[PDB]
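Each of the two blocks below gives one form of the same protein chain as structure tokens; they are labelled structure 1 and structure 2.
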Structure 1
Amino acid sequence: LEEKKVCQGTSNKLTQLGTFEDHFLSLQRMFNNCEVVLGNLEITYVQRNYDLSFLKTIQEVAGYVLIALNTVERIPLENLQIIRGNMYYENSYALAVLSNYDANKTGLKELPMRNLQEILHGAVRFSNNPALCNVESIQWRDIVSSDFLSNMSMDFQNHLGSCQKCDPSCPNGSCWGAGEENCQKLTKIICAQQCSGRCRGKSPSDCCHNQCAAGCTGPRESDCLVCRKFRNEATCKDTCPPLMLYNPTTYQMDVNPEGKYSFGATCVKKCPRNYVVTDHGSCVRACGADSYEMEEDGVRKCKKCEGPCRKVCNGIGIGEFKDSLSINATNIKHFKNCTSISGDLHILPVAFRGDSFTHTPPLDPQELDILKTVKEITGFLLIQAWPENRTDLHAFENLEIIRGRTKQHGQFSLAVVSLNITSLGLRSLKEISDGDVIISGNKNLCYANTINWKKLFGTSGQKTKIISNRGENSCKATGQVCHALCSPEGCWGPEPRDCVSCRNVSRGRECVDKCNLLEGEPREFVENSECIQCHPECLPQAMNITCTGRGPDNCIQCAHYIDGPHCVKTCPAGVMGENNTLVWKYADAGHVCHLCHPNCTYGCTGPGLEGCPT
């Protein structure tokens, strides 16, 4: 596996997922055989005789690393190498060990974290481990970032001393718990005076590259162990090589034969489909308010918006929506005219039930119709509660596409679980670009197995999980099946409004069998199996088709007066026109209109001036 098997990492930090055996199995499958934690590394609440031998593969972490409240023996984190600390525990620390003991003080004995060599951000903390040995003689000035040394909070009293001292073969006997290889291997406070960063020896000829984050095998950028910034499957760069160089000999941007895009932290050749490309060459999730995503054939970047600008709308979890977790009955008014949603949408029963802890009143169950104007979701849609009165998602009937930028769980982009709704109600879903979808745990819900989700999925690799829904025969042998005046597949409910494709004509939206070609007062005409209404001013042809399109010249026999390519109810009778002149017609028996004699302004009725008074 050239690419590192990534895992998601928890974000609970103070919770119990069931019972002790339940907390450990959930933690097991969550971290079993993963080599990069893209989140946090809570290892809380393990107990004696369990096995944490599956932590022998964690190599990097992208957030704080909590280890708290677990009475257990060694936690074999013998391969952690860097804690990028992108998010701090308690706003300060990035490796926080707190209270690893019982009411008998037989807690966390040892912690062979030997390979840890840099914590790119945040302080550290090691409080209250009554039986913890040799994690008191380590250099918290070599590992910790040289800025946060004021927030360190080491405090420990191993007043139940039972651990030996280890082989005296490494600096100051700085030992990570036992043995000789189990002791420190530092690479910052033995480097030469003229070393840029870390090193590998003591000579001034062996400083490491300026972009390595924990030691290096060689003196070259292609020899770092962990890239401090963007990587390239190669030399750990500092910023992806731009697309166009400058060539200051001739003042014009000459392109680069090695330009690549910055996808978070990587240099890729091309941005993914669901990601906004930028002129700078950087896959992003959105762009400034002075723009909007103009589709450019799958390379859909965003240009400046001229004059009025499209109403982009920040979803939940971003910006000011941080202390909120669902659509409280205080942040619902902020979705009034949001035709799109930059972010994602959460609906949880706390909104309808009311949160005293957050001090938000319950939500008006009918206020959800404000979300009707929503047309595109950038992230995911998570629904876990809808009022029992309504029988369908009566607020997302206009939703068109779910991009899938910031997807839930690193997973499913549409989640409708634990509902009581008979018909789904998403009549306008056309594509879900990237993600997955689960609709399950709905007793009285059907029509969800008829749709062909395989078409709605943009990229390849997505998959659905639809179980626990109302059974096949409980729907089949009760009448509530797919409509007969609809496609053999792709239907969202009984009513004619919503069943995707049609086998016959359709009044714009509704699949019907036969529209008004021969009878009916508003007549229509079929084009590409979508018949559209036409003028009433044409004559109703009781024999054949009564119009040949939409415009006025498409009346088989226009019952009113015909002026060349135009027939109207009454031919113009003094309409102001172009070139600053007046168009004046008249009426006769043969029912044709021609220009009047320009003598009388009042308009003629016949030849010359005899009809109109002069």
Structure 2
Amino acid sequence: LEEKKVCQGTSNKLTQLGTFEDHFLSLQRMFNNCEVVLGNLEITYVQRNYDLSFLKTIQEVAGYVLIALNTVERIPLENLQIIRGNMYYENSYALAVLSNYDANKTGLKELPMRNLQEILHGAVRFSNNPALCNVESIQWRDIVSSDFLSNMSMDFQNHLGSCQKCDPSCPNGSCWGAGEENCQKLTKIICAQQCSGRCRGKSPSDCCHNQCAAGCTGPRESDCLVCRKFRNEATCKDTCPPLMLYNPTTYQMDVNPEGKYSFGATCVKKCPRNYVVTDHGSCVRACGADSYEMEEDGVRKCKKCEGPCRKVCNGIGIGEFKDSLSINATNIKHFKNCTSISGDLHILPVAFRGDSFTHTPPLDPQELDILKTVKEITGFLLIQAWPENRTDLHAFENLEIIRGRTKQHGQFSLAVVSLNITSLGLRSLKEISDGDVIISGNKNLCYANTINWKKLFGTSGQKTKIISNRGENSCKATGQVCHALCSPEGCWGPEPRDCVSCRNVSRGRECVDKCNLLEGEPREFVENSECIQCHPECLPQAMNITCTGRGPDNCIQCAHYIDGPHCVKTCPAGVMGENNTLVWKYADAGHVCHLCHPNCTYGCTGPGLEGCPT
């Protein structure tokens, strides 16, 4: 059973989404049948008499837990085991129960988290709950790490007291609520020094493994409740097994028959096809500045730089761009000569009308042309606004790959929702290596329903939501349909250059009805359905074809002279040779090029000395 229903968790912090009944519905639709929250769990503005029972399934929050401004009288989190805390609230805490009361001082009353065993990182804040009961008696030093216990801030002010004490079969208090089942079970401050981590009792025969996070059911690494750092698919490892093992006997590096790549917090057999496989053995999103990606036998890798490295262009939401939430006119200058945006790309409607809260000027719609040199995006592309003047995504006409290593909402890797464009115009897009694609809500946009997106997707299980665009019959009846000479596979626009693949052949970036064989102005040949011009020194054949390749070596007949295998315009007269000896040739009867006489220094118009006079 190596699967647990995961969700993404909210990051609104304090934000109310609509009304008191539209927020709850949006809360319910995310934390439903979820077992492992991959993000942050936030429970805000839950008015009285609402069934919050669906939270009895969450077993591990990988971020912080914020419970603020609620009024429901009972929040059942009876199966939460660990609050790891990879991101703090108020940049210090991991669990926080802030002002949580109704008008007449009533409000949140019980919070039975009786399975909460460890907060890996962070502190706790309990302020301004006047109706809370029994949570004032817990021993938070069994949960929080002693490294963080100096930051905690508890403030219990239940001036009502209309709630019973807890069963005497509980450690001097330490009760999460009412009854004998809802007290607290301690696993860190009872057992003896022989244990290095946590335990199951007081005997030294109970110490759990080092890598058990909450508790354990057995002394070995395959019995931890929740793993602490990694997970080797049945055990709580500390580092994924290396791919190569040192040999103390021969001073060399062997191979490991149980080596595995580290991907996130799991040890997998092989990396995902859209990640960078480092040499140590690890799936990463992008490797250090000393290297650069390199396609190799299908998988991605990166080798050391060749002298000076290239421009590493961070994307919105990584590195120096973590406070910026758009492509605002301040930071647009940094994407000046980029080719691969190693991150995301957001284009929000607050970049064009200007933000005041962060003192940024409006973005001139002409300043988007800086992106026309971007070719890869190792993430997602979220376009949420485009200048009303334009009619297609012109600044991305050179985009070629969207790796989808990090995705919007953890699901999508392309979002073109609610623009005013007529056609997409991404005519150079060839692959979306992961993540769904949503192109919907656009007022007057078609040509999007023709492309067979099952080709671009490079992973099984990719969907596409394309709804509420310009009607199918609405623009079909107005000539707005894919062009004539294009394969029915689709098109990104009406112009012949906008179609992916052609009906017959192509002249570079444009499709055509037939190559210029026999006739035409430039002679051409056909390979892989492409029309390439014959070397200029190919005599225009009005009968059959003209050439069978690019080079003058395939010319059926040379137009001027012929220097051996090649078709030349004029026989060589000054070309470097062996022993620093120059080279001079002449054209005989059949316009064939033959070498001069060893003595002829000023060249020769004929064979030997009888050819070059004074």
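Quick note, the numbers are simply positions in structure 1, starting from 1. Note that the rigid core is defined as the largest set of C-alphas that superpose within 1.5 Å between two forms.
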**Prompt:** With the two forms aligned on the rigid core, which of the residues 567, 58, 43, 62 moves its CA by 2 Å or more between the two structures?
**Reply:** 567
**Asked** Would you say residue 555 moves between the two structures, meaning its CA shifts by 2 Å or more once the core is fitted?
**Response** yes
**Message:** If the two forms are fitted on the core, does residue 540 show a Cα displacement reaching 2 angstroms between the two structures?
**Reply:** yes
**Prompt:** Any chance the CA of residue 455 moves 2 angstroms or more between the two structures, core superposed?
**Reply:** no
**Asked** After fitting the core, how far does the CA of residue 498 move between the two structures, in Å?
**Response** 1.1
**Request:** Superpose the two forms on the rigid core, then give the C-alpha shift of residue 364 between the two structures in Å.
**Result:** 0.8
**Prompt:** If you line up the core, how far does the Cα of residue 310 move between the two structures, in Å?
**Reply:** 3.7
